[PDB]
């Protein structure tokens, strides 16, 4: 089914750019939504992170895994626009010559900034709830924000590669099935696997950092680091969805 699958991606990447050109507003709103949806997955699993860490549980990371599925299922079911997702779609619509290389940069920049707006809004709204005034949920937000930015560039970059491989292969699957339940199941597996192994997702991290920098619970982060993390993780995401995933699928599916 590889050729049809290429034609599905190719065709998908043409609709992205087609969309951006007609309405920046629709395009950025679609992306804001996706950034939010992913964030909501963070709200949930950090809440859980906070709960079980306080407890002493060896199960904390496993359950955060299980619980993350809502992040990409929401994106997939809503047909909203996600950065990492597009790393592969465009990276292979481009090799198929459905879209220009610079069609592919406009999409990446807009979807990523669009996602970031979804994050900041979510974070702002999440802080108004007081759910991170203080407490273990708010210390989890704060401690995770810190470790992620205080980790070397190479470590982050490679975790970024394995994250999008997985996020992207999850999107890939949505093109290769017509069951919506298989889509959701596969998203849940790939998200379980990436969160639990310890891989880094740029757009998720926008909500981690967006929340941490809006909560007057004094952390130890600083923008330099968040931006540092987001640069490090984002390229890897690109490498993981564009290179591996994006290129491999063009390869498998192209009538040469």
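Positions refer to the first chain, counted from 1.
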| query | finding |
| --- | --- |
| Mean Cα B-factor comparison, 93-101 or 75-83, giving the higher one as deposited | 93-101 |
| 39-47 versus 207-215 - which carries the larger mean C-alpha B factor in the record | 207-215 |
| Out of 227, 29, 64, 191, highest CA B-factor residue | 227 |
| CA B-factor ranking of residue 220, expressed as a third of its chain | highest |
| B-factor third for the C-alpha atom of residue 70 within its chain | lowest |
| For residue 172, the third of its chain into which the C-alpha B factor falls | lowest |
| CA B-factor ranking of residue 116, expressed as a third of its chain | middle |
| Residue 196 - Cα temperature factor, lowest/middle/highest third of chain | lowest |
